[PDB]
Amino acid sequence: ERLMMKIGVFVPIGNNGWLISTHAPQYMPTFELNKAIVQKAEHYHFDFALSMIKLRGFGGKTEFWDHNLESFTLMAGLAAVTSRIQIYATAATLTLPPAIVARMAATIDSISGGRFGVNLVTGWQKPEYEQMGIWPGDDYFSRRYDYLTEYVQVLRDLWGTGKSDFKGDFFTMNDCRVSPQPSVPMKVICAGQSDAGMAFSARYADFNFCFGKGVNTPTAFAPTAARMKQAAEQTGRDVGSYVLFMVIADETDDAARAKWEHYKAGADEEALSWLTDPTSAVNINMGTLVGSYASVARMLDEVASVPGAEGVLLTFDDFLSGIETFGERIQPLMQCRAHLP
């Protein structure tokens, strides 16, 4: 019952991170920026770094997510300039054959010395795929986890034995070979929120990402983590929840709130239209923690007490300064991080 929680950083592979506002920091996703971010996160003992994959943006004044790097190649570069932090890339399974993902994962396993894992996603936004002629049709919405189930069986064969003879509705392996196999058991993580998605995660994932909920209501996601725990019961597997939040912290509650309101007041409404104390569309209605460093520490400790919650995935309004103030001012106050040096 002693508080212990893992901390990850959701790295800005897309421009402007997760704020859709002309008052938010404006920046392009460069390798050097993400290198600075992940090296600083590693310095402050963040447990992992994850990048999403986003194949189409939302336009507007800030050209929001119009500029995005590719996840496996970004994480391969970050693996080469880190030494301790876990590194996860996202595979949009419609865009990469499973044997290619299998070999890419083995490659970054080699780059990182065993620190690499894969976030498997089905894809949900039809424009990302229709734009390049690979959308399977609106049958995909209901069948996508059948597809993902075949996909991961191929991956598990290849990582586990170096070969696959899997034959299904979507893939045909005829003694497919991928070697080297990963030096350590390959980590698979998933971000399913639906019943079907959580059932997939319960069978195949090491843990499951879910959305934090509300502004300064850190435990509001609890029913989602409860559903994941029950999905995991149905496989007997230990598959905890990692919860996505944005942290907007400052010296005082008032100063942090002033920033949050300043961001909301610059909302890039044209971009928000394309994408279409309450949450705000300015950060895609993300669960948000806004307060003094001590207030954010207290609220993150609350997250750690939720049944099934094993970690948080953090975005910030400003990653370079936000990681620094998290490491210097927030994390030392967190009971659930007392295990760190």
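In this text, residue numbers run from 1 along the sequence as written.
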| item | value |
| --- | --- |
| Which of 68 to 76 and 139 to 147 has higher mean CA B factor, as the PDB entry lists it | 139 to 147 |
| Residue range whose averaged C-alpha B-factor is higher in the record, 90 to 98 or 110 to 118 | 90 to 98 |
| Criterion, highest CA B-factor; candidates, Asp277, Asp301, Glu32, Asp47 | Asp277 |
| Among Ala191, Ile85, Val239, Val243 - the residue whose C-alpha B-factor is largest in the record | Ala191 |
| Cα B factor band for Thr224 (lowest, middle or highest third within the chain) | highest |
| Third of the chain's Cα B-factor distribution that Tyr293 belongs to, per the entry | middle |
| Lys187 by Cα B-factor - lowest, middle or highest third of the modelled chain | highest |
| B-factor third for the C-alpha atom of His262 within its chain | highest |
| Chain third (lowest, middle, highest) by recorded CA B-factor, residue given as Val38 | lowest |
